[PDB]
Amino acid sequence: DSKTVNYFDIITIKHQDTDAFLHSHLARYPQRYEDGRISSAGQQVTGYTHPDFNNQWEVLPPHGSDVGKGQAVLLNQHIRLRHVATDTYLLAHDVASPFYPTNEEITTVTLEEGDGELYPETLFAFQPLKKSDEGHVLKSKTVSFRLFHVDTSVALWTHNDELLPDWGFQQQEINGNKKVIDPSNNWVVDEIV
């Protein structure tokens, strides 16, 4: 409750069960996994347990919004998340994730990639755990939510029973879970920077 999150705020986003932050960096998924599956070779999105500049995300409105400074983000509004350190937009799509062929790969894309043909795939919602809470204010620390992908209806998920390989620096895998109702899909806004 510490504070209300407004559009264009910079935030950190923390997983409740593992305490890992939603994280990104310049490293890319390997073109192929050991089982032969093909990734997008896109920018990695991971779970990182330590405070870091690369945990910062800017919350943005959809195209054609007319939103300005000082306006609260509400639960279940469509939003976009820009990775501050690399200036890329979060995206999910129907590509098998590193460890779970049934779950979706999560990546980021450049401003140009994200504002053109792929724009619809950059839309998320802070989805309330109880749908009756839609339209309530997003606040730091005290409001749990699912990071829900509008286009494919997955919730972002992570775990720490198995960590990524050396190419992922033993960070937590992040992927899109098609089973939306799962406590391991729950996140909070940890702080407003």
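All residue numbers are counted from 1 along the displayed sequence.
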{"item": "124 to 132 set against 38 to 46, stretch whose average Cα temperature factor tops the other in the entry", "value": "38 to 46"}
{"item": "Which of 92 to 100 and 74 to 82 has higher mean CA B factor, as the PDB entry lists it", "value": "92 to 100"}
{"item": "33, 148, 157, 57, ranked by C-alpha B-factor: the highest one", "value": "33"}
{"item": "Third of the chain, ranked by Cα B-factor, where residue 2 sits", "value": "highest"}
{"item": "Cα B factor band for residue 163 (lowest, middle or highest third within the chain)", "value": "highest"}
{"item": "Ranked C-alpha temperature factor of residue 170 among modelled chain residues, by third", "value": "highest"}
{"item": "Lowest, middle or highest third - CA B-factor, residue 143", "value": "middle"}
